[PDB]
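Neighbour counts run over all protein chains shown; Cβ positions are idealised from the backbone, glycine included. Values quoted throughout were computed directly from the atomic coordinates according to the rules given, and no laboratory measurement underlies them.
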Amino acid sequence: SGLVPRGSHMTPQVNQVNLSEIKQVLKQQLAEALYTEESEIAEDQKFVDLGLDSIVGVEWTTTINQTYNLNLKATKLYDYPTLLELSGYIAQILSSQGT
């Protein structure tokens, strides 16, 4: 199951890179980067409320670049403070890498 939430829904055979894929991936990635559980993270909550500091934000932006073979910086963490925003941008890049 590539999307195993705590209590939300799952999706069927989705070969494309859907928003939920990156959002849920980013959740695990955010909770670990903040030394916490995915049980506290929200899709619509600001990373700073989860504990995202300016240092943690700039180092975590690198994890995502490596994860998708992209290039982003701390500017992303300040323009997209939520998983839905952070995932939305990447969704388009991934959905476009395999035109």
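Along Cα→Cβ, 7 Å out, is where each label goes; now give me the distance between the ones at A74 and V58 in nm to one decimal.
It works out to 0.3 nm between the two label points.
Give me Rg/Rg_expected for the chain, where Rg uses Cα atoms only and Rg_expected = 2.2 N^0.38 Å with N residues.
Dividing the Cα radius of gyration by 2.2 N^0.38 Å gives 1.03.
Assign unit charges at the C-beta atoms only (+1 for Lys and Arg, -1 for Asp and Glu), then state the dipole size of segment 15-99 relative to its Cα centre in Debye, rounded to the nearest 20.
360
Just how many pairs of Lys in the chain have C-alpha atoms closer than 15 Å, counting pairs that are eight or more places apart or on different chains?
So the count works out to 4.
Hey, got a sec? Which chymotrypsin sites (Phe, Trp or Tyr not before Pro) in segment 1-70 land in a DSSP loop and have at most 15 other Cβ atoms within 10 Å? Kindly include the intermediate steps, with their values, before the conclusion.
Working: sites: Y35, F47, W60, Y68; in loops: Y35.
Taking segment 1-70 and a limit of 15 other Cβ atoms within 10 Å, the loop chymotrypsin sites (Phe, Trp or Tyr not before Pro) found are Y35.
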